[PDB]
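> sequence first, structure after; it's an experimental one.
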Amino acid sequence: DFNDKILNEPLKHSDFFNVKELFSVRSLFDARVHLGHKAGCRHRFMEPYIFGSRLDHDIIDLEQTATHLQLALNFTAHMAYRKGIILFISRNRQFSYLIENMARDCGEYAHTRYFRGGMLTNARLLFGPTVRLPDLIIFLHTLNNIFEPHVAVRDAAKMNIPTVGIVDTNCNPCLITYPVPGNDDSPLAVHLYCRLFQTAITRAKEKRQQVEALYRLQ
Amino acid sequence: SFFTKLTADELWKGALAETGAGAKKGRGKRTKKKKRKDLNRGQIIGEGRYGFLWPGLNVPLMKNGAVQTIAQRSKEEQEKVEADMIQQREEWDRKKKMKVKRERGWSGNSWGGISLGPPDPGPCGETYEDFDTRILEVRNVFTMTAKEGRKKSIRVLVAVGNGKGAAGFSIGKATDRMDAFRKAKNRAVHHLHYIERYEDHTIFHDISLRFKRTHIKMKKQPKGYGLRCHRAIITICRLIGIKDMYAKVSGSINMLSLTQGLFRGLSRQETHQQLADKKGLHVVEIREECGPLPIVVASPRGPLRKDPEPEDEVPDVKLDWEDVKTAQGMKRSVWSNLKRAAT
Amino acid sequence: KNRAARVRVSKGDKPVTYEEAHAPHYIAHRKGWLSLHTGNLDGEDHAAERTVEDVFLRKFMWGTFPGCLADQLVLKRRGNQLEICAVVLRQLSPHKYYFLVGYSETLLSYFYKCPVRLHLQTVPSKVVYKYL
Amino acid sequence: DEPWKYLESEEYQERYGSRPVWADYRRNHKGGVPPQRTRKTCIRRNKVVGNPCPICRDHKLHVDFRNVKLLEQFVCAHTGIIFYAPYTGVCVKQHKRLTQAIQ
RNA sequence: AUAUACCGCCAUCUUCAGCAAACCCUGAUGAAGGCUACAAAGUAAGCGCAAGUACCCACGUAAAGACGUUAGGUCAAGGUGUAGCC
Ligand SMILES: [Mg+2]
Ligand SMILES: [Mg+2]
Ligand SMILES: [Mg+2]
Ligand SMILES: [Mg+2]
Ligand SMILES: [Mg+2]
Ligand SMILES: [Mg+2]
Ligand SMILES: [Zn+2]
Ligand SMILES: [Zn+2]
């Protein structure tokens, strides 16, 4: 029962892994996360996340941005502390190298290449009878190159897999569980997201290890 | 001659003629079918017309610690053994050809009220004993091709349920009937809809909806009312776990659209606790068996609202002239209230 | 489309043996001859007798070890002495096997006025080459 | 046995279980809705007819006023109104006898 | 007598390259469909093609040439289902 005790202890505490210290609206505005596509590229479900429009362009609400980002980071860190498998997706070729490298650095895995049909739904037939499909998915780019929702959000919502995607003005945050409005296209924003996620998951991991070592001592 | 004779498998093939034009094209034949038989399994190799007693194969080699010797089976016991073998073959043929009794569902030669048993166990290990299956509809779909012409494909629709508020429908297509059944069964056990219910035997409130030109109006009813609905609806309700309600289908009739709309409605119905948390008032039920007594159903989990709902006078509400007629009593129809079977 | 000593393709639930899966144009290329004699070579004779007798022997052995064999026979005639090789299943008893072995051996010897011997290899279940 | 100990007996439990008796019976009839009037009786001149009702096929059962836990299963525990013969599947003669017994 | 019961044996498109058990997905869970590589749902057992083998080579020629169509031919190579002479 002590295992369940340890699993439940972080729950009652809010910001228990201290994720809020990482991000600040200063940093977001510096990295140009507040940007958005034109009104022609605007999306209905993204309306409420738009702070306003200026010069046929869109601007994101940074309070909501920071709220959703705090929630996403807390969720990712809780799942890493629970050893829940994580998987990154970014179909954008502009950052595949960086994403794969940071995935290696974290220990968590990624898939930026072409997504094959029924990779997760028929994963048992593809890989083997027993395979632990990932417990958490994240998206640095929700839409594909030709700009329609990647198959991963759909199949994840199907198989009850949680999703954390950064949504630009073109993206549809309906299926996403923890959508973070932001700038999918800017390299500063990409690097910021990668640094935040790697720091958070590494903190969760090391906290798990030190706590379990303390309990082994006790 | 002995050389002209030949073995059994090709002989049975040529005698039965499963191939050829008969089987191809789906023409078949007029209900004549020779059933395969195996003669080698029946009689043991030892016996023949002249019954030499064989210590090697027919009789045990040793008796009383003494080697045996070849002997003759006289004609009396020879005829005895022959009659025994005749009786044994007759019993085998009887046991082979008998009745087949699949429980009568909606009607004979119909795959409606039949259950296929629980779904198959999963690869990782998932016991689905709780689930019961039913076949709602099956049809012979035909699509044409250049060389073979018409290509038949069995299409089937199935439903599965616990009896505990969780159920799901599915569709399967295959050239083989059993294969389509299996595919749809697996698809259903994978695709599940959950729906809440008021007191384990009813929906929360009346649901009227349309779906692909198929209108459905399902009406809540109290205990001991029975299930007076479409037969598919009765099967689905039996799967789900609700024991009594009413329903009327209007417009088109197509069981798959009917089922999809039914599940949409039973999923979109609102619970009383959720409704209380939404509105901010206490629910109050009044019965006919119980006198003027307010039975609290559910209260808002959040803070109660200070003001009550204003009485809605002459409300703008759309309803059905059919229900108006049934309430006013001027309606006449022999087909409305019948003494039908149990549910 | 030719039909000759080849099995029709099914959905994939037909166990088939090596030779029964292979076609009759793989005889010398990816198979061996079940019988071995010299009547087929040039200059010799009695080949018709060899063929008729080996067919008779195959039928007789199939019917005197019925339900236990799971493959075709192998015939090996070295000069005078004749040798047979079979593959069988362990269904019946060794008593049965040895008794019918001696029986058929004596029958062949007295019929052909020739020294005859036979060997048989047991298998738990028929060896399958492929699922057709 | 004329008394009701056949019900307490275990053969009743295994032959039926906890469900009622009528739940097992089913009627063979014309298409769609069945007729509104059941058969007159299941036995005639000590001759049984095909597909008889359960109380008539189980000759050990006895329609009696005193077998309360027996005959309570037709009338609904939720509603005092008896089920009708087209509902419970039994023939009209035994249904009338059961009405007299329950009254 | 029945090739319009068949096996066995073959012509045919074939001087083709498709046929596909078993899964997933789209179409509101309809018959049906599943292609974009600087990639958008297809994955694939197996058969066949192909490859390899034969003749003088790695080319060429043979051989092979699946699923199906012509109720294609063949109860007269042989046997056999049904119906007949017995
Ligand atoms: Mg009938
Ligand atoms: Mg040819
Ligand atoms: Mg023909
Ligand atoms: Mg050729
Ligand atoms: Mg080739
Ligand atoms: Mg013809
Ligand atoms: Zn963008
Ligand atoms: Zn009766």
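Received the coordinates, thanks. Residues are numbered from 1 along each chain as shown, chains lettered A, B, ... in the order given. Ligands and ions are numbered 1, 2, ... in the order given.
> so residue B:226 makes contact with residue B:244?
Yes. Taking Cβ atoms under 8 Å as the definition, residue B:226 is a contact partner of residue B:244 at 5.3 Å. Any C-beta I mention is one placed from the backbone N, CA and C, and that applies to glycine too.
> so which of those two has more stuff around it?
Taking neighbours as other Cβ atoms under 10 Å in any protein chain shown, residue B:226 and residue B:244 compare with residue B:244 leading, 19 against 16.
> contact partners of stretch B:312-322?
The contact list for stretch B:312-322, computed with Cβ atoms under 8 Å, 6 or more residues apart in numbering or on different chains, reads B:208, B:217, B:248, B:331.
> CA atoms only for it, dumped as PDB, please.
C-alpha atoms of stretch B:312-322 as PDB (Å, rounded to 0.1, in the frame of the first residue of the first chain):
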ATOM      1  CA  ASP B 312     -42.900  29.000 -17.200                       C
ATOM      2  CA  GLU B 313     -46.400  29.900 -18.300                       C
ATOM      3  CA  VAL B 314     -47.800  29.100 -21.700                       C
ATOM      4  CA  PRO B 315     -44.400  27.700 -22.600                       C
ATOM      5  CA  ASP B 316     -43.100  27.500 -26.200                       C
ATOM      6  CA  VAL B 317     -42.700  23.700 -26.500                       C
ATOM      7  CA  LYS B 318     -43.000  21.500 -29.600                       C
ATOM      8  CA  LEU B 319     -44.700  18.100 -29.300                       C
ATOM      9  CA  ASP B 320     -46.400  15.400 -31.300                       C
ATOM     10  CA  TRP B 321     -50.000  15.300 -32.400                       C
ATOM     11  CA  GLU B 322     -49.800  11.500 -31.900                       C
END
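> which parts of that stretch are buried?
Within stretch B:312-322, no residue counts as buried by 16 or more other Cβ atoms under 10 Å in any protein chain shown.
> ok now it, how far from the chain's centre?
A distance of 41 Å separates the centroid of the chain from that of stretch B:312-322, by Cα atoms, centre = their mean, to the nearest Å.
> so what's the residue nearest the centre of chain C up against?
By Cα atoms, centre = their mean, chain C has its centre lying nearest to residue C:73, at 1.1 Å. With contacts defined as Cβ under 8 Å, 6+ apart, residue C:73 is in contact with C:34, C:57, C:58, C:61, C:84, C:85, C:86.
> put the buried members of the contacts of stretch B:312-322 into a ChimeraX selection.
ChimeraX command restricting the contacts of stretch B:312-322 to the buried ones, with burial defined by 16+ other Cβ under 10 Å:
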select /B:208,217,248
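> okay, the contacts of stretch B:312-322 in JSON lines with secondary structure and distance to residue C:67 next?
Conversion of the contacts of stretch B:312-322 to JSON lines gives the following (DSSP: H, G, I helix; E, B strand; the rest coil; distance: Cβ to Cβ, whole Å):
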{"residue": "B:208", "secondary structure": "strand", "distance to residue C:67": "68"}
{"residue": "B:217", "secondary structure": "strand", "distance to residue C:67": "66"}
{"residue": "B:248", "secondary structure": "strand", "distance to residue C:67": "64"}
{"residue": "B:331", "secondary structure": "coil", "distance to residue C:67": "74"}
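> want to throw the contacts of stretch B:312-322 into JSON lines with distance to ligand 7?
JSON lines is the format used below for the contacts of stretch B:312-322 (distance: Cβ to the ion, whole Å):
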{"residue": "B:208", "distance to ligand 7": "44"}
{"residue": "B:217", "distance to ligand 7": "47"}
{"residue": "B:248", "distance to ligand 7": "51"}
{"residue": "B:331", "distance to ligand 7": "62"}
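> which ones are touching the residue in chain C that chain B sits nearest to?
Using Cβ to the nearest Cβ, residue C:99 is the residue of chain C that sits closest to chain B, at 3.3 Å. Applying Cβ under 8 Å, 6+ apart, we find residue C:99 in contact with B:54, B:56, B:57.
> next one: the closest residue to chain D within chain B from residue A:48, what distance?
Ranked by Cβ to the nearest Cβ, the top residue of chain B for proximity to chain D is residue B:339, at 3.7 Å. Separation of residue B:339 from residue A:48 (Cβ to Cβ, to the nearest Å): 58 Å.
> look at the two and report which has more neighbours.
Using other Cβ under 10 Å as the criterion, residue B:339 and residue A:48 rank with residue B:339 on top: 15 against 10.
> thought the more buried one was touching residue D:84?
Yes. In this structure, residue B:339 is within contact of residue D:84 by Cβ under 8 Å, at 5.4 Å.
> all helices of chain D, in order?
Remark: helices assigned in chain D by DSSP state H are D:5-8, D:10-16, D:54-57, D:68-71, D:85-88, D:92-102.
> number of residues surrounding residue B:220?
16.
> make that residue C:85, sorry
A count of nearby residues for residue C:85, using other Cβ under 10 Å, gives 15.
> can you pull the contacts of the residue nearest to it when sequence neighbours are not counted?
Among residues not flanking residue C:85 along the chain, residue C:74 sits closest, at 3.9 Å (Cβ to Cβ, 6 or more residues apart in numbering or on different chains). Counting by Cβ under 8 Å, 6+ apart, residue C:74 makes contact with C:34, C:35, C:84, C:85, C:86.
> distance check, the residue of chain C closest to chain B against residue B:51.
Residue C:99 is 17 Å from residue B:51, by Cβ to Cβ.
> ok, now residue C:118?
Distance check for residue C:118 against residue B:51: by Cβ to Cβ, it reads 27 Å.
> the strand or helix carrying residue B:276: what's the following helix or strand?
Following DSSP states H and E, one finds residue B:276 within helix B:272-279. On the C-terminal side of helix B:272-279, the closest following helix or strand by DSSP H and E is strand B:284-285.
> just the strands in chain A please.
Counting by DSSP state E, chain A has strands at residues A:35-36, A:50-53, A:58-60, A:86-90, A:109-111, A:136-141, A:163-167, A:180-181.
> now tabulate these in JSON lines and tack on mean neighbour count.
Formatted as JSON lines, the strands of chain A follow (neighbours: other Cβ atoms under 10 Å in any protein chain shown):
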{"stretch": "strand A:35-36", "mean neighbour count": "22"}
{"stretch": "strand A:50-53", "mean neighbour count": "14"}
{"stretch": "strand A:58-60", "mean neighbour count": "21"}
{"stretch": "strand A:86-90", "mean neighbour count": "23"}
{"stretch": "strand A:109-111", "mean neighbour count": "18"}
{"stretch": "strand A:136-141", "mean neighbour count": "24"}
{"stretch": "strand A:163-167", "mean neighbour count": "25"}
{"stretch": "strand A:180-181", "mean neighbour count": "26"}
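> any chance of those strands in TSV, plus distance to residue B:272?
Listed next are the strands of chain A as TSV, based on distance: least, Cβ to Cβ, whole Å:
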stretch	distance to residue B:272
strand A:35-36	42
strand A:50-53	38
strand A:58-60	40
strand A:86-90	40
strand A:109-111	45
strand A:136-141	35
strand A:163-167	32
strand A:180-181	36
